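Next up: just one chain, as structure tokens, the form deposited in one PDB entry.
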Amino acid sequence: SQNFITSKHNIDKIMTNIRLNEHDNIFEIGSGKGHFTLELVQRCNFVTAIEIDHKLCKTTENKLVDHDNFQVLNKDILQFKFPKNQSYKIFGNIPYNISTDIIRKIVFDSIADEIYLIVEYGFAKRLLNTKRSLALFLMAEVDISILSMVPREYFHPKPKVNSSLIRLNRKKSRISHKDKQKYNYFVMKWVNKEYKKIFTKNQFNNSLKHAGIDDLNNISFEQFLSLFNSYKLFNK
């Protein structure tokens, strides 16, 4: 959909939590009518706006008349190819219907070291939930933080639920590239509670004890990595 945040007053509040600096190159997902894009070119070194809506690219361009450090590409973020030998960060007020696809695309198919996104409130909560697959796959590559709540009244058309500003920070991957397959399988089996397909009854117990997991309905990412580790040990 297209839910713009156009109040200068609200834009400043949100920018308050976004610590991007003058030397960062930025890729914005969905510049829309250019409201955040205008603040990013003033705050950052350079900004590449990726907008699917051909018209909005023009509108974005008109709003950025007095600025030079940017460009607006009329592409689909889902098919975009990010730099591989460059330092850059990402910002984006994104559509809910493809948030998953967008986050997977920018976390697994880009090397942005820091990502700022405005997403649906509930969506943001699921991202921190170790009971869901997406959360576990993402936590192996980035640290996730919910920075603030963005009231639905800040948007127009006004969505049904509130949104959240989240921050994703790249870190040294906790899963080696050679364990991608085995980690993928493990994650899926664990979130579906198909314990018997990855742990014998005794292996299961020892692993939880070893990981220090008292509540099987409340585990930290660290406790999960412990499990994935024991899983490997039991099948090397």
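Note that residue numbering follows the sequence shown and begins at 1. Superpose the two forms; the largest set of C-alphas matching within 1.5 Å is the rigid core.
Of the two stretches examined, 60 to 68 and 185 to 193, the record assigns the greater average C-alpha temperature factor to 60 to 68.
According to the PDB record, 96 to 104 carries the higher mean C-alpha B-factor of the two stretches 110 to 118 and 96 to 104. When the C-alpha B-factors of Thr48, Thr37, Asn45, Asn202 are read from the PDB record, the largest value belongs to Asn202. Sorting the modelled residues of the chain by their CA temperature factor places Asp215 in the highest third. Among the modelled residues of its chain, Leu147 has a C-alpha B-factor that falls in the lowest third, as given in the PDB entry. For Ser31, the recorded CA B-factor ranks within the middle third of the chain. Only modelled residues enter the ranking. In this PDB entry, the Cα temperature factor of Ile52 sits in the top third of its chain's modelled residues, the highest group. Ranked within its chain, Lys89 lands in the lowest third, by CA B factor from the PDB record.
We do not show the form deposited in another entry, though everything after this point is about it.
Just one residue from the list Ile111, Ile144, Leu134, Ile98 crosses the 2 Å line for C-alpha shift between the shown form and the other one on a rigid core fit, and it is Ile98. When two forms of a protein are overlaid on their rigid core, residues whose CA moves 2 Å or more are considered shifted, and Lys84 is not one of them between the shown form and the other one. Here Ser7 counts as shifted, since its C-alpha moves by at least 2 Å between the shown form and the other one after the core is aligned. A movement of the C-alpha atom of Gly122 falling short of 2 angstroms is seen between the shown form and the other one when the two forms are aligned on their rigid core. In that other deposited form, the Cα positions of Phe186 and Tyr96 lie at least 3 Å farther from each other than in the form displayed.
With a change of no less than 3 Å, the CA-CA distance between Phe36 and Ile98 is smaller in that other deposited form than in the form shown.
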